[PDB]
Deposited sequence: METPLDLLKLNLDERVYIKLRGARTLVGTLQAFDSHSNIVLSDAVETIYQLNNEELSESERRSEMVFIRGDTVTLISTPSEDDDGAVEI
């Protein structure tokens, strides 16, 4: 059921907190139970420099939190 409430906000913008002072806001395109996620129009904040990609795959074992901004 948690996984299904995530299904709820696909194509919509989400906020991911990663391991190691990392943060990505991008529109959610695809995810799995493992947590690995696919974002489009993403923007990564490191701690503070910025980084932009149009399409990134994220590896699930680094994901701490997902919510929307």
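- When the deposited sequence is numbered from 1, the segments without any C-alpha atom are 1 to 2, 50 to 57, 80 to 89.
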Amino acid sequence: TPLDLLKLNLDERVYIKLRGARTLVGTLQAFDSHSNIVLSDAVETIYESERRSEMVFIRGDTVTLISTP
From here on, numbers count along this sequence of modelled residues.
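- In this crystal structure, the stretch out of 58 to 66 and 4 to 12 whose C-alpha atoms carry the higher mean B factor is 4 to 12.
- Split the chain's modelled residues into thirds by C-alpha temperature factor. Residue 21 is in the highest one.
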